[PDB]
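The next block is input_3.txt, given as compact mmCIF, C-alpha atoms.
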```
# COMPACT_ATOMS: atom_id res chain seq x y z
CA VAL A 1 111.28 286.98 41.32
CA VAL A 2 114.56 285.09 40.79
CA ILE A 3 115.89 283.17 37.78
CA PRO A 4 118.67 280.55 37.77
CA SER A 5 120.33 280.56 34.31
CA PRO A 6 118.59 278.85 31.38
CA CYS A 7 120.89 278.34 28.37
CA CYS A 8 120.11 277.97 24.64
CA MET A 9 121.87 276.96 21.39
CA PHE A 10 121.58 280.09 19.20
CA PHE A 11 121.33 283.87 19.70
CA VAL A 12 118.13 285.61 18.53
CA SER A 13 118.42 286.41 14.81
CA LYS A 14 117.25 289.90 15.82
CA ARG A 15 115.63 291.81 18.71
CA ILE A 16 111.98 291.17 19.67
CA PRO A 17 108.67 293.06 19.77
CA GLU A 18 107.93 294.20 23.35
CA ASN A 19 104.25 293.47 22.56
CA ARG A 20 105.21 289.77 22.40
CA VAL A 21 107.97 289.43 25.01
CA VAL A 22 106.87 288.80 28.61
CA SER A 23 110.07 288.48 30.66
CA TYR A 24 113.73 287.48 30.31
CA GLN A 25 115.89 284.92 32.16
CA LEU A 26 119.53 285.86 32.80
CA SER A 27 122.09 283.06 32.31
CA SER A 28 125.79 283.14 33.27
CA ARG A 29 128.35 280.36 32.68
CA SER A 30 131.33 279.42 30.47
CA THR A 31 129.54 276.31 29.14
CA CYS A 32 126.47 277.79 27.40
CA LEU A 33 126.32 280.14 24.39
CA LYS A 34 128.66 282.68 26.05
CA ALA A 35 127.05 285.23 28.40
CA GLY A 36 123.66 286.65 27.32
CA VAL A 37 120.01 286.86 28.46
CA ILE A 38 116.99 284.73 27.52
CA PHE A 39 113.66 286.31 26.51
CA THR A 40 110.37 284.41 26.32
CA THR A 41 107.44 285.43 24.13
CA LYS A 42 103.73 285.30 25.05
CA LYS A 43 103.03 282.32 22.76
CA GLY A 44 105.43 280.33 24.98
CA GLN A 45 108.71 280.77 23.06
CA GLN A 46 112.18 281.39 24.55
CA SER A 47 114.88 283.11 22.47
CA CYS A 48 118.33 284.07 23.82
CA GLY A 49 118.60 287.88 23.94
CA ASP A 50 121.99 289.51 23.39
CA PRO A 51 123.00 291.98 26.12
CA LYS A 52 125.15 293.88 23.60
CA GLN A 53 121.86 294.72 21.84
CA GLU A 54 119.74 297.62 23.14
CA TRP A 55 116.41 295.73 23.20
CA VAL A 56 117.53 293.23 25.85
CA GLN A 57 118.82 296.22 27.83
CA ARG A 58 115.87 298.49 26.96
CA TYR A 59 113.70 295.56 28.03
CA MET A 60 115.56 294.69 31.24
CA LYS A 61 114.97 298.36 32.13
CA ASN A 62 111.15 298.31 31.91
CA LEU A 63 111.28 294.77 33.34
CA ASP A 64 113.24 295.89 36.42
CA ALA A 65 110.89 298.83 37.05
CA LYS A 66 108.14 296.31 37.92
CA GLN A 67 109.63 296.44 41.44
CA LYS A 68 107.75 299.69 42.19
CA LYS A 69 104.96 298.97 39.66
CA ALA A 70 102.16 296.45 40.29
CA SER A 71 100.06 296.02 37.12
CA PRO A 72 98.88 292.46 36.40
CA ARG A 73 97.01 293.61 33.27
```
Spell out the structure here as C-alpha cells.
Amino acid sequence: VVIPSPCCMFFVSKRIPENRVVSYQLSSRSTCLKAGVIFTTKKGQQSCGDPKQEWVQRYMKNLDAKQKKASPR
C-alpha cells in the first residue's frame, strides 16, 4: 500500500472518530497546506489530519499495524 501526497485547503476542525475513518494519505510538500496527513471517512470524505494531534498519530499506529494483521472485516 503506497500513497503519493494528496493536498487539501483546510485542516480538520478537530480529530475524527476511528469508527468513521478508514485510512489516511500522507502528503509532503512546501506548496500545500504545510506538512500534515489526510484522513478519509467511510462515507467517502477526506479531511486533512494534523500530525501534531494525537489522533492522526494514534491512528497511523493502528493503521501501520495492518502489516502483520490481515482482517478484511
Which is closer to residue 42 (chain A) than all the others in A:18, A:55, A:62, A:26, using all atoms listed in the file?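 Comparing A:18, A:55, A:62, A:26 against residue 42 (chain A), the winner is A:18.
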Let me have the centre and edge lengths of the axis-aligned box enclosing all listed atoms of region 11-30 of chain A with 3 Å padding on every side, in Å to one decimal, as AutoDock Vina command-line options.
```
--center_x 117.8 --center_y 286.8 --center_z 24.0 --size_x 33.1 --size_y 20.8 --size_z 24.5
```
d(CA of residue 54 (chain A), CA of residue 15 (chain A)) in Å: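 Taking CA of residue 54 (chain A) and CA of residue 15 (chain A), their separation equals 8.4 Å.
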Long-range neighbours of residue 35 (chain A) as a PyMOL selection string, 9 Å cut-off, only C-alpha atoms, 3 positions minimum in chain: chain A and resi 26-30+32+50-51
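Among the candidates A:23, A:38, A:44, A:9, the residue lying nearest to residue 66 (chain A) is A:23 (atoms considered: all atoms listed in the file).
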Using all atoms listed in the file, pick whichever of A:45, A:72, A:6, A:64 has the shortest atom-to-atom distance to residue 31 (chain A).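 Among the listed residues, the smallest separation from residue 31 (chain A) belongs to A:6.
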Find the residues around residue 49 (chain A) up to 8 Å (all atoms listed in the file counted), leave out those fewer than 3 positions away in its own chain, and share them as a list in words.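 My reading of the contact set: residues 11, 12, 15, 36, 37, 38, 39, 53 and 56 of chain A.
The space between CA of residue 59 (chain A) and CA of residue 24 (chain A) spans 8.4 Å.
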In Å and to one decimal, CA of residue 4 (chain A) is distant from CA of residue 25 (chain A) by 7.6 Å
So which one's closest to residue 63 (chain A), A:46, A:34, A:14, A:1? Using all atoms listed in the file, please. A:1
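Residue nearest residue 16 (chain A), chosen from A:3, A:73, A:48, A:33 and counting all atoms listed in the file: A:48.
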Limit the output to N, CA, C and O atoms and give region 45-67 of chain A as an mmCIF file, in the first residue's frame.
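Writing done, so here's part_17.cif:
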```cif
data_model
loop_
_atom_site.group_PDB
_atom_site.id
_atom_site.type_symbol
_atom_site.label_atom_id
_atom_site.label_comp_id
_atom_site.auth_asym_id
_atom_site.auth_seq_id
_atom_site.Cartn_x
_atom_site.Cartn_y
_atom_site.Cartn_z
ATOM 1 N N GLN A 45 -15.468 10.759 2.624
ATOM 2 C CA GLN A 45 -14.937 12.133 2.859
ATOM 3 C C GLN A 45 -13.410 12.100 2.964
ATOM 4 O O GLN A 45 -12.805 11.049 3.048
ATOM 5 N N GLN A 46 -12.782 13.244 2.959
ATOM 6 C CA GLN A 46 -11.294 13.282 3.057
ATOM 7 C C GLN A 46 -10.846 14.554 3.783
ATOM 8 O O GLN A 46 -10.711 15.604 3.187
ATOM 9 N N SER A 47 -10.621 14.468 5.065
ATOM 10 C CA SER A 47 -10.189 15.675 5.825
ATOM 11 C C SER A 47 -8.688 15.616 6.122
ATOM 12 O O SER A 47 -8.135 14.562 6.372
ATOM 13 N N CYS A 48 -8.028 16.741 6.102
ATOM 14 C CA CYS A 48 -6.565 16.757 6.388
ATOM 15 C C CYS A 48 -6.325 16.550 7.887
ATOM 16 O O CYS A 48 -6.796 17.312 8.706
ATOM 17 N N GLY A 49 -5.594 15.532 8.257
ATOM 18 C CA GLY A 49 -5.338 15.298 9.702
ATOM 19 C C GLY A 49 -4.041 15.986 10.102
ATOM 20 O O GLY A 49 -3.075 16.000 9.365
ATOM 21 N N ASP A 50 -4.014 16.550 11.268
ATOM 22 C CA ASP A 50 -2.782 17.240 11.735
ATOM 23 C C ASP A 50 -1.887 16.242 12.486
ATOM 24 O O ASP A 50 -2.339 15.581 13.400
ATOM 25 N N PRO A 51 -0.642 16.156 12.079
ATOM 26 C CA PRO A 51 0.302 15.217 12.734
ATOM 27 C C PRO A 51 0.577 15.666 14.168
ATOM 28 O O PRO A 51 0.811 14.860 15.047
ATOM 29 N N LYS A 52 0.532 16.945 14.417
ATOM 30 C CA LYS A 52 0.770 17.435 15.801
ATOM 31 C C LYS A 52 -0.315 16.883 16.728
ATOM 32 O O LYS A 52 -0.124 16.759 17.921
ATOM 33 N N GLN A 53 -1.452 16.537 16.180
ATOM 34 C CA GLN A 53 -2.548 15.976 17.021
ATOM 35 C C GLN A 53 -2.235 14.514 17.356
ATOM 36 O O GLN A 53 -1.420 13.885 16.712
ATOM 37 N N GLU A 54 -2.857 13.973 18.367
ATOM 38 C CA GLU A 54 -2.563 12.559 18.740
ATOM 39 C C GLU A 54 -3.498 11.575 18.028
ATOM 40 O O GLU A 54 -3.259 10.386 18.044
ATOM 41 N N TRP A 55 -4.553 12.035 17.400
ATOM 42 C CA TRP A 55 -5.453 11.072 16.709
ATOM 43 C C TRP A 55 -4.860 10.691 15.353
ATOM 44 O O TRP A 55 -4.939 9.549 14.945
ATOM 45 N N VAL A 56 -4.213 11.605 14.670
ATOM 46 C CA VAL A 56 -3.578 11.208 13.383
ATOM 47 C C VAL A 56 -2.467 10.220 13.730
ATOM 48 O O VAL A 56 -2.296 9.197 13.099
ATOM 49 N N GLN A 57 -1.730 10.527 14.767
ATOM 50 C CA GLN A 57 -0.635 9.623 15.217
ATOM 51 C C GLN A 57 -1.244 8.338 15.779
ATOM 52 O O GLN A 57 -0.935 7.248 15.341
ATOM 53 N N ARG A 58 -2.129 8.464 16.735
ATOM 54 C CA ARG A 58 -2.786 7.255 17.314
ATOM 55 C C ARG A 58 -3.363 6.414 16.176
ATOM 56 O O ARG A 58 -3.340 5.199 16.203
ATOM 57 N N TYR A 59 -3.873 7.067 15.171
ATOM 58 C CA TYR A 59 -4.448 6.337 14.014
ATOM 59 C C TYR A 59 -3.328 5.700 13.195
ATOM 60 O O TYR A 59 -3.303 4.505 12.975
ATOM 61 N N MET A 60 -2.399 6.497 12.740
ATOM 62 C CA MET A 60 -1.268 5.953 11.932
ATOM 63 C C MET A 60 -0.662 4.732 12.630
ATOM 64 O O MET A 60 -0.103 3.856 11.999
ATOM 65 N N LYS A 61 -0.780 4.665 13.928
ATOM 66 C CA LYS A 61 -0.223 3.500 14.672
ATOM 67 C C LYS A 61 -1.050 2.247 14.368
ATOM 68 O O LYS A 61 -0.536 1.253 13.896
ATOM 69 N N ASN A 62 -2.330 2.291 14.627
ATOM 70 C CA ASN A 62 -3.183 1.104 14.343
ATOM 71 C C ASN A 62 -3.251 0.870 12.831
ATOM 72 O O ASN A 62 -3.493 -0.227 12.369
ATOM 73 N N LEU A 63 -3.033 1.900 12.060
ATOM 74 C CA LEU A 63 -3.076 1.753 10.578
ATOM 75 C C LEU A 63 -1.790 1.095 10.073
ATOM 76 O O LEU A 63 -1.785 0.399 9.077
ATOM 77 N N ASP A 64 -0.700 1.311 10.755
ATOM 78 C CA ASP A 64 0.588 0.702 10.319
ATOM 79 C C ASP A 64 0.680 -0.745 10.811
ATOM 80 O O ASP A 64 1.406 -1.552 10.265
ATOM 81 N N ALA A 65 -0.053 -1.080 11.838
ATOM 82 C CA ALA A 65 -0.007 -2.475 12.362
ATOM 83 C C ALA A 65 -0.675 -3.438 11.373
ATOM 84 O O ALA A 65 -0.490 -4.637 11.442
ATOM 85 N N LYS A 66 -1.445 -2.924 10.451
ATOM 86 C CA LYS A 66 -2.114 -3.815 9.458
ATOM 87 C C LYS A 66 -1.070 -4.681 8.746
ATOM 88 O O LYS A 66 -1.379 -5.724 8.203
ATOM 89 N N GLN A 67 0.165 -4.258 8.748
ATOM 90 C CA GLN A 67 1.234 -5.053 8.076
ATOM 91 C C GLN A 67 1.202 -6.507 8.561
ATOM 92 O O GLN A 67 1.215 -7.433 7.775
#
```
